[PDB]
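Since the structure comes first, as structure tokens, the remarks are kept for the end.
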Amino acid sequence: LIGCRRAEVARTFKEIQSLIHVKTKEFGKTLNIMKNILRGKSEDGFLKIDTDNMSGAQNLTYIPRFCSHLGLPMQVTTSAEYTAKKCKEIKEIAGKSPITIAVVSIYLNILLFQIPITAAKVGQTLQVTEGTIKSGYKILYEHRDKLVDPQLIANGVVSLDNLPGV
Amino acid sequence: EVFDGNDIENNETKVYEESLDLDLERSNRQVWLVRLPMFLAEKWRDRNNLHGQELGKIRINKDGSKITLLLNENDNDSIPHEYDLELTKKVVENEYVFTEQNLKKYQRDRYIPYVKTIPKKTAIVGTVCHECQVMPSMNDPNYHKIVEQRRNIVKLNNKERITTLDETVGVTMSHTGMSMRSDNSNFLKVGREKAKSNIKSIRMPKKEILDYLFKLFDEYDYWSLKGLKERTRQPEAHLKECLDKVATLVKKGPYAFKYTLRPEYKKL
Amino acid sequence: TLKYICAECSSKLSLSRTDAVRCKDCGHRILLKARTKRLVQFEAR
Ligand SMILES: [Zn+2]
């Protein structure tokens, strides 16, 4: 996990647990201990600027991989990246997990682009509860104007009337 | 049917009612050893067929010793209903037909009384006198159908090509390595079935545990730690704290690495 | 900061140092650095 984050090829705890059969609690404890050791080694020897590499969320790096797993087009992937970037400004959903934020942004852009993939299929692909995806979409429905990328509706490739209501 | 031979004790009288000797008076039965192509062989050798029904009629013309087989119309219309029986060997020697049947197990000069002989109820039921091969007749209206079938044998291919996945490659590779989905299969969940068993034990009083140990040593003298632990449900520390007091471990005997009762309590 | 053209969609892009070297319009990862703006001298022989 540290290597992925340092290479900006960051995976999630669910990915590393799918690889290695490891308990979550002592995985987190080991990650915290090794981050402390690595910071101590950096302070003792050569100093490195983090510039947002060890950050726990890293939600922009999970969008292209999840969009590839769902078979989404590049413009849908870019719009999902923009939506995930703009979800940080929203106070109520910024506390959610980065996986959940990325998945609900991807599902919102899927509904925006009329991609025929259901929320159950998105949940089965990305191991997220369908109720969680639906709740995230129903709470991001209020902030439609800020999340959806403006020159997309300026060029008319998508419209905000396409998203189903709550 | 497992059995041992070279029995001079004559146990076969008691362990087989049927005689072991080869049954022979049917050996004068005349049998024709007939070879078939695969369509007739598949129609005539499958066990879901052959209920004693008539399958054809044999005509023997003595002008040139010509044998013709004429099948009935009940089986199929694509196959011919007239074949010639070519006598590959008019005189066949040293060829017989015998049947093998299970027996009734219920109710120099140096020799060894063990051969590992498997006896079976055998019976020579015929003598092969004519080796014959079946040929479809040239003038039949289905000989061209047989030629077409035999051409189809070398024409058709029994193997299909590899299936190419036309789905998006990202959707194909979503299952691979780094993946969100946890493995829902329960194949070799040995850790899952082993970690669910937890043995938790209370500290019974010393008089009770020593009474139980003395009863179990009276039951059987030598004990191992795991067996006595699953018999007593006690912690290792307290179990050793009583076992060193009233027992000792064997270190050099054939029953080593086992806790046995002390020789003072052995006579009691 | 510097001028690039995508491989197959022929889109013009401006890249700095911290920017990832990818196309922003079609997602392609192959970009060609632009032809220089200065006049280039060739003898006609
Ligand atoms: Zn491009």
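Laid out as a table, the results:
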quantity	calculated
Rounded to whole Å, sorted largest first: equivalent-ellipsoid semi-axes of the range B:1-160, Cα gyration tensor	44, 21, 16
Euclidean distance between Cα centres, the range A:100-166 to the range B:1-18, Å	83
Mean ellipticity per residue at 222 nm, deg cm²/dmol - from DSSP H runs of n ≥ 4 across chain B, formula -39500 (n - 2.57)	-7500 deg cm²/dmol
Cβ neighbours within 10 Å from other chains - mean over B:7-19	0
Cα-based helix-to-principal-axis angle, A:59-70 vs chain A, degrees rounded to 10	60
Overall form of the range B:109-268 per C-alpha gyration tensor (a/c, 1.5; a/b vs b/c)	oblate
Chain lengthening between residue B:144 and residue B:163 when straightened (0.36 nm per residue, less Cα-Cα)	3.2 nm
Sorted by Cβ neighbour density within 10 Å, fewest at the top, the residues B:185, B:78	B:185, B:78
Shielding by partners - mean other protein chain Cβ count within 10 Å, residues of B:173-179	5
Taking the C-alpha atoms of chain B, convex hull volume expressed per residue in Å³	445
5 Å binning of all Cα-Cα separations within the range A:13-113, expressed as whole percents from 0 upward	2, 11, 17, 17, 16, 15, 12, 6, 2, 1, 0
Relative packing of peptides B:82-95, A:110-123, A:58-71 - highest average C-beta neighbours within 10 Å first	A:58-71, A:110-123, B:82-95
Peptide ranges B:113-120, B:37-44, A:142-149 listed from the most packed, as the mean C-beta count within 10 angstrom indicates	A:142-149, B:37-44, B:113-120
Ranking of A:152, A:108 by count of other Cβ atoms within 10 Å, fewest first	A:152, A:108
At 0.692 mPa s and 37 °C, Stokes diffusion of the protein assembly as shown via Kirkwood alpha-carbon radius, µm² per second	94
Part-to-part distance (alpha-carbon centres) for the range B:117-141 and the range B:199-260, which is given in Å	74
Convex hull volume of the range C:3-45 per residue (C-alpha atoms, cubic angstrom)	99
Three-way shape call for the range A:1-53 based on the alpha-carbon gyration tensor, with the a/c threshold at 1.5	oblate
Estimated 222 nm signal from helices in chain A, with DSSP H stretches of n ≥ 4 weighted -39500 (n - 2.57), rounded to 500	-18500 deg cm²/dmol
Chain A: angle of helix A:24-44 to the longest principal axis, Cα-based, in degrees nearest 10	60
HN-Hα J in Hz across the range B:2-15 - Karplus 6.51, -1.76, 1.60, θ = phi - 60°, x for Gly and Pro	6, 7, 10, x, 6, 8, 7, 7, 6, 7, 5, 5, 8, 10
Within 10 Å of each Cβ in A:77-83, the average number of Cβ atoms from other chains	1
Integer Hz, Karplus 6.51/-1.76/1.60 couplings in order for the range B:150-158, x for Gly and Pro	5, 6, 5, 4, 8, 7, 6, 10, 8
Estimated distance in nm for a label pair at residue A:138 and residue C:36, the labels positioned 7 Å out from Cα along Cα-to-Cβ	6.3
Principal-axis tilt of helix A:130-140 within chain A, Cα atoms, nearest 10 degrees	70
Ordering of B:210-218, C:16-24 by burial proxy (mean other Cβ atoms within 10 Å per residue, highest first)	B:210-218, C:16-24
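All of the numbers you see were taken from the coordinates with simple rules; none came from a lab. We place every Cβ from the backbone using ideal geometry, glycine too, and count neighbours over all the protein chains shown.
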